[PDB]
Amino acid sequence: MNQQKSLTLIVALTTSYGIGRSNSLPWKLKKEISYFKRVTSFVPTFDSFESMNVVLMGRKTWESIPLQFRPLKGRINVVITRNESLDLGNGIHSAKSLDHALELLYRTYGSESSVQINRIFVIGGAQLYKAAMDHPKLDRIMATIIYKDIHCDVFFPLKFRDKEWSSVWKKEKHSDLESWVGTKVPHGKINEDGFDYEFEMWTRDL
């Protein structure tokens, strides 16, 4: 009773797997973030009555997010931090590891719970990303590929889009992406601030 649910990772990355700069993003795409929100927030209407998704993130990402947008509304927030001092993420769940976060959720949101969990997302940190990619329940990646080798100092842990991983990670069709997400999603290349990018969904068998 601590694994009956697969994990989905969401991230925006450059063609050289760059995902961050000085504890922040070296780019600024309001539409991209709008996509992030939709994806992590969406829950089938019928289930939306008492079900919510979960966003798991590292402490650094939690701090790197503006207060005005924290905590992520309409979603259950859980911050991963290995030395459990104190947080502050208003009733915001705290966990010292990925599995510790899962167990806390399954115990905090069980059958007697008026609030049920729908989907569990991993959204923050290159460090957390490393743990997720090694986790046996991580089978899906919502990736936003940025076609620009922007200078970054932090990188994604595994080259899922490269040949060496082509037998494990596969890129789904757009139709299947919109289907999993729940609604229609912009197809093709998008140009926001001199940058070209597009949405892709990748999966691997567990």
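The term rigid core refers to the most C-alpha atoms you can superpose between the two forms while keeping them within 1.5 Å. Sequential numbering from 1, following the sequence displayed.
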Taking RMS over all structures and residues, which stretch has CA atoms farther from the shown form in 7 other deposited structures of this protein, 47 to 55 or 176 to 184, after a rigid core fit? 47 to 55
After core superposition, the stretch with larger RMS C-alpha deviation in 7 other deposited structures of this protein, comparing 88 to 96 and 130 to 138, is 88 to 96
Of the two stretches 112 to 120 and 95 to 103, which shows the higher Cα B-factor on average in the entry? 112 to 120
Comparing 179 to 187 with 194 to 202, which stretch shows the greater average C-alpha B-factor in the deposited entry? 179 to 187
If you compare 40, 34, 166, 64, which has the highest Cα B-factor in the entry? 64
C-alpha B-factor winner, where the candidates are 74, 136, 89, 125: 89
Can you tell me whether residue 53 has a C-alpha B-factor in the lowest, middle or highest third compared with the other modelled residues of the same chain? middle
Of the three thirds of its chain by CA temperature factor, lowest, middle or highest, which one includes residue 70? highest
Could you look up the Cα B-factor of residue 59 in the entry and say which third of the chain it sits in: lowest, middle or highest? middle
Within this chain's modelled residues, let me know which third the CA B factor of residue 151 belongs to: lowest, middle or highest. middle
For residue 140, the third of its chain by CA B-factor is the lowest
